[PDB]
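Survey of secondary and tertiary structure
This is what each chain is made of:
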Number of protein chains: 2
Amino acid sequence: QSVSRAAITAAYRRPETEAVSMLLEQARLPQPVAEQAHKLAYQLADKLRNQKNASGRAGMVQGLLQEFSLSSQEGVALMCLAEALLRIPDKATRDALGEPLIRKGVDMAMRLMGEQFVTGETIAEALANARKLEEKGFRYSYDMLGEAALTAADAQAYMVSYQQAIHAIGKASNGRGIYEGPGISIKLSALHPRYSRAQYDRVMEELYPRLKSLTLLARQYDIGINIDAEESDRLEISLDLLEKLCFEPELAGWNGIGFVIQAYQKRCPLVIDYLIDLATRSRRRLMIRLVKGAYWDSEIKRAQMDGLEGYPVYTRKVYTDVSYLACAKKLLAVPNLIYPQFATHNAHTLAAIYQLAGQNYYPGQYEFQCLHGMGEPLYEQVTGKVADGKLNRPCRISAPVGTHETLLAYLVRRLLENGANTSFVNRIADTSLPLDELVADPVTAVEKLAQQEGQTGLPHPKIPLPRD
Amino acid sequence: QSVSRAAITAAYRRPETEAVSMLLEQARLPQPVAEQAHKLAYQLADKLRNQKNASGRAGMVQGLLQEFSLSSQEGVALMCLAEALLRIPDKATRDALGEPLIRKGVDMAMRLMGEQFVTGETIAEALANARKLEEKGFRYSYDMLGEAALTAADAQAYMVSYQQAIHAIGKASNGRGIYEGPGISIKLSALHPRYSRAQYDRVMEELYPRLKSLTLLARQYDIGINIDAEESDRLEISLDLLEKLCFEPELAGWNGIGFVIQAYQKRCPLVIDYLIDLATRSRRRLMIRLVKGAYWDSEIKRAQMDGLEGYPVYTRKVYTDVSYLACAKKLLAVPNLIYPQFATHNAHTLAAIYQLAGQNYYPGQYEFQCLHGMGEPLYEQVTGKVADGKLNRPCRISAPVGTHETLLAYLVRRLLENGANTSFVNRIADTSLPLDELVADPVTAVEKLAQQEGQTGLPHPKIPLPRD
Ligand SMILES: Cc1cc2nc3c(=O)[nH]c(=O)nc-3n(C[C@H](O)[C@H](O)[C@H](O)COP(=O)(O)OP(=O)(O)OC[C@@H]3O[C@@H](n4cnc5c(N)ncnc54)[C@H](O)[C@@H]3O)c2cc1C
Ligand SMILES: Cc1cc2nc3c(=O)[nH]c(=O)nc-3n(C[C@H](O)[C@H](O)[C@H](O)COP(=O)(O)OP(=O)(O)OC[C@@H]3O[C@@H](n4cnc5c(N)ncnc54)[C@H](O)[C@@H]3O)c2cc1C
Ligand code: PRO
Ligand code: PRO
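Residues numbered from 1 in each chain as written, not as in the entry; some residues may be left out. Chains lettered and ligands numbered in written order. Heavy atoms only, no water. Residues with missing side-chain atoms left out of burial classes, pairs and counts.

As recorded in the PDB entry, chain A goes by the name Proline dehydrogenase, listed as coming from Escherichia coli.

In structure tokens:
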């Protein structure tokens, strides 16, 4: 292994106290930036939570809930009475006065809950919905749903669907290019049967030609093509496929190759070192999507079943936040080698990146990204003209495309993300949680914990090492 | 009285069978137009009701509500189970498994329900919220809340507030003119103490100088100034004030004077004849807002208490719809004399006007109008580029401005409008009412009734003549 590859391998499951301790100073926002990040986060979160005055309206209630000392069911009864009285037109009059059931229930609940996250059933239908937000400065990346191909036929169907999508998106793009125009994202698990346990030689012989073919096609249309990151035990093979791809003669001089890295992995900073080296050696700018990570629940369960030395991911959410900030700094440092794409729905994460990116923004410096159905509310404050009170930073929406038959795995990941009490999108709905706690700085949070617990970066109390 | 004024007076309370019979053929859409109106209405209503697939989602439910023959509380219990099961991260595991209380209650319920209809507490705050929709082709008219001045001081305060608003809107308009730029609306009841019973000589001596002053000021900024229509027994005096205003030398050649007429009045078509004559004599194009009418409940109660020969308004909602269509045709016929502004939230009314207005639309031919908090959803399909799937017709939003202390009377009118089972905005929420019934043609509805009941335009069965 190369120096940078060896360093990745060695960091696979290193102890959390150690990993978190190393990240801390790399993630720390310089005091001035910290404060600007705080103010911007607070404001973003305020406008988002209180768009329709959901807090000021709670305040008006409690103001009467005390002046009369009434209960919940009490105050409501009064409002109904007041409503009925307001429907009196004249003021004077008002004044004077088996298993299939279960199998189907799950299918239906998935489809009902899933609609909000799907852009369209077909690529043409998704493209049709693009202009509305593209006219406002948003960009799109299309995500053909369907993964973990089980058969050769499965993988073939996915391959054909991706090709068709690229032709369609590429015709829609119409020369707009990899930054300003739409792109596509692909899952390697979709292109090779039984990817989860696939061996190196079969992946190269079979998966790679498909990856190359799609990438050449994307390049012909000059659209971005991004490789999604999946389970942690596929990181290594994904790097081998990326390595090989970046040295294809037909791809020389083209900067449309994109790759996701997951901040919840202890390996993330080390993967960045490798990528910086790869960009240098292959003479290109890589489009790098920095994400926190979508498979956390399964990663913990997987590690606990394999009874290994440790976890490949962090066990406290705040450590993932710290990792993301440290990694973001590393990416922003090398604008000649990387085009960073900062995927987040978290107002603080967004504000911190906005500040870390420094003065003198230019369009091709970086972009934000979000998931359809989750990020638009927040990024409506961000993408757009400064005169209209926006930040004038581009956001690319990831737009799932497919029918109910391909929706399951993606939906479950969205359920987990939205429903977790640690998630920003969950906590911002909790009007009992003060904005300041919601946008609290992750580094300072970690230092608080370290003081209270006796050392930095201890694992989650409820998540012991697999061997315990 | 002039011929046209005499004809108004004589129509004040004419029998509904007679009034409705006269309107019917004036309102009838020529067969071809009728069908295009139907298709457009249907489509507008479909997109509005089913924006987030609220009907297709009901269809998916009932499809299982039968395949298992489960009740409402039953199906829900299943969805919760299916939701909990979808939160299992791994598929294998999932598979294997006193009076102040009342006085305050009314105040609070008003403010809570009222927020959705108010644009801002102050004119500057309302103006600040303009760009978002003005950038999309919407226009605004600002409605300083507060009416029925009881004292001389009250009316003075309203006068001062209107003046300040005109300066602010006029500075915001910045030369955009009466069609493309924002304007203001005023209530005469706000400018004169105890307007409801005010005598002709005192109104002219006191109200008129204030009306003139505001209109001259509006003209200096070249912004529209619209006179709201209020209770029916103030129609006559409002016409006298308008008559006088239109002959002011300082207003000669200026077409920014606006005036509301209420289609639910039997007098409406006759008022149009008068207005057409007034525009001719005073040598101007009048901005005429055709509305159905906001005071129906009070009008019925007022007439029943005065025990007069009949009602000044129709007693069936469908007759008001017919009156509006007939009046709309009359207005569209005289583009040199009137700039018609068609206020409606009703998809059929809108579609019918769109068709009646004929081929070869030009911006200054007419506009649509709506109330803030009620019309934007519908007009998002209407105002905008044809390429984006819109109708490319302008809509002017009426935007209430003021604090909770001025909100009461307006809110009650909105409660009545929204809550009435006869209102389009109520029925469109009723997913059990088929789109075709919702957008049913009013003339054909009236003819159906006439066949079933034995004659055309009979009063509402539940609303006898006041003397019964
Ligand atoms: C355009 C786009 C593309 C994406 N592509 C991928 C992809 O290819 N692969 C993928 O894995 N994800 C991908 N993601 C999504 C992603 O990783 C999640 O949306 C994300 O982790 C949420 O981060 P957040 O800052 O919005 O929310 P935040 O609420 O700030 O953080 C949320 C989360 O932190 C983590 N976490 C939660 N609990 C813990 C814990 N106890 N210990 C340690 N970490 C914890 C998680 O990673 C998690 O989702 C993509 C997202 C977008 C917007
Ligand atoms: C910009 C703007 C300015 C306005 N200015 C005024 C104004 O100065 N004065 C004013 O009075 N209104 C005014 N209105 C509002 C108005 O009159 C109501 O919003 C309106 O009547 C609703 O009509 P619609 O076509 O949207 O709804 P629809 O549901 O199609 O019709 C609604 C209604 O029909 C009528 N109605 C209801 N029941 C009956 C019945 N049993 N018999 C006969 N008629 C019935 C009513 O007039 C009523 O509101 C204005 C509205 C707007 C948008
Ligand atoms: O599949 C997922 O969950 C993430 C989110 C978009 C694609 N990668
Ligand atoms: O006051 C009302 O109710 C109507 C609606 C806007 C102004 N005239």
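Here we look at the overall build of chain A
Across its full length, chain A carries 22 helices and 8 strands. Relative to the compact-globule value of 23 Å for 468 residues, chain A shows a C-alpha radius of gyration of 24 Å, a close match. When the backbone C-alpha atoms are referred to their principal axes, chain A occupies close to 85 × 60 × 55 Å. (Helix = DSSP H or I, 4+ residues; strand = E, 2+ residues; numbered from the N terminus. Rg over C-alpha atoms; globule rule 2.2 N^0.38 Å.)

Observations concerning the relation of the copies chain B and chain A
Expressed as a screw transformation, the operator carrying chain B onto chain A has a rotation angle of 180° and an axial translation of 0.0 Å, and the superposed copies differ by an RMSD of 0.0 Å. What we have between these two chains is a two-fold relation. Within chain B, the C-alpha atom positioned nearest to the axis of rotation is that of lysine 136 of chain B, 5.6 Å from it. With an isologous cut-off of 70% or more, the 100% of interface residues of chain B that recur at the interface of chain A puts this contact in the isologous class. (Least-squares fit on C-alpha atoms. Contact = heavy atoms within 4.5 Å.)

Let's talk about the interface of chain B and chain A
Each side of the interface is counted separately: chain B has 35 residues, and chain A has 35 residues. Ranked by residue count, the leading element in the side of chain B that touches chain A is helix α7 (residues 99-114) of chain B, at 8 residues. Partitioned by chemical class, the residues of the side of chain B that touches chain A number 20 nonpolar, 5 polar and 10 charged. (Nonpolar A, V, L, I, M, F, W, Y, C, P; charged D, E, K, R; others polar.)

Some remarks on the sheet that holds strand β1 (residues 138-144) of chain B
Residues and elements named next belong to chain B. With parallel pairing, the 8 strands of this closed barrel are ordered in space as β1-β2-β3-β4-β5-β6-β7-β8. Between one strand axis and the next, the sheet turns through 30° on average, direction left out of account. Pairing geometry for β1 and strand β8 (residues 395-401), over 7 bridges, is parallel. By the bridge assignment for β8, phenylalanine 138 is matched with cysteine 395. Across the sheet, helix α10 (residues 152-173) lies against β1 and β2 (183-186), angled at about 165° from β2, the strand it touches most. (Pairing = 2+ DSSP bridges. Axes fitted to C-alpha atoms, helices over the stretch in contact; angles between N-to-C directions.)

Quick notes on the site of ligand 4
All names here are of chain B. In the vicinity of ligand 4, the contacting residues are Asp143, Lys187, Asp228, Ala294, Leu371, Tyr410, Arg413 and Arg414. Side-chain polar atom of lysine 187 to an oxygen atom of ligand 4: 2.9 Å apart, as the coordinates give it. The protein chains hide 87% of the 240 Å² of surface that ligand 4 would expose on its own. Examining the composition of the shell around ligand 4, we find that 3 residues originate from one element, helix α19 (residues 408-419), more than from any other. The residue inventory of the shell around ligand 4, partitioned by class, reads 3 nonpolar, no polar and 5 charged. (Near = heavy atom within 4 Å. Polar contact = N/O pair within 3.5 Å; in protein donor to acceptor, adjacent residues only side chain to side chain. Areas by Shrake-Rupley, 256 points an atom, 1.4 Å probe, with all protein chains shown as cover.)

Observations regarding the site of ligand 1
All names here are of chain A. Of all residues adjacent to ligand 1, which total 29 residues, the nearest are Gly293, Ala294, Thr344, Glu417 and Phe424. Interatomic distance of 2.9 Å between a side-chain N/O atom of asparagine 346 and an oxygen atom of ligand 1. In the complex, the protein chains occlude 93% of the 950 Å² of accessible area that ligand 1 would expose alone. Of all elements in the fold, only β4 (257-262), α16 (317-332) and β7 (367-371) reach the threshold of two or more residues within the shell around ligand 1. The residue inventory of the shell around ligand 1, partitioned by class, reads 12 nonpolar, 11 polar and 6 charged.

Examining the pattern of salt bridges
Residue and element names in this part refer to chain A. This model, assessed by the stated rule, comprises 50 salt bridges over all chains. Across the salt bridge formed by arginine 202 and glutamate 206, the nearest N and O atoms sit 2.7 Å from each other. In this pair, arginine 202 and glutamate 206 are both assigned in helix α12 (residues 200-220), 4 residues apart and thus about one turn of the helix distant. Classification of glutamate 206 by relative accessible area gives partly exposed; the value is 31%. It is possible to trace a salt-bridge network through shared partners that takes in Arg139, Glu180, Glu367 and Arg396. (Salt bridge = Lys/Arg side-chain N within 4 Å of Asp/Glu carboxyl O. Buried < 20%, exposed > 50% of the residue type's maximum accessible area, 1.4 Å probe, protein only.)

Some words on the sheet that holds β4 of chain A
Across a sheet, paired strands are connected by hydrogen bonds in the backbone, their directions being either parallel or antiparallel. Residues and elements named next belong to chain A. Spatial ordering of the closed barrel is given by β1-β2-β3-β4-β5-β6-β7-β8, a layout of 8 strands whose pairing is parallel. Strand-to-strand, the axes of this sheet are offset by a mean angle of 30°, without reference to chain direction. Looking at chain direction, strand β2 (residues 183-186) and strand β3 (residues 225-227) are connected through 3 bridges and run parallel. Within β3, the position partnered with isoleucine 184 by the bridge is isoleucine 225. Running at roughly 165° to β2, helix α10 (residues 152-173) makes contact with β1 (138-144) and β2 of the sheet.

Here's the deal with unusual backbone geometry
At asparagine 392 of chain A, a residue that is not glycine, the phi angle is positive and equals roughly 60°. A positive phi is found at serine 69 of chain B, a non-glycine position, where the angle reads about 50°. By the element assignment, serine 69 of chain B lies in the loop between α4 (56-67) and α5 (72-86).

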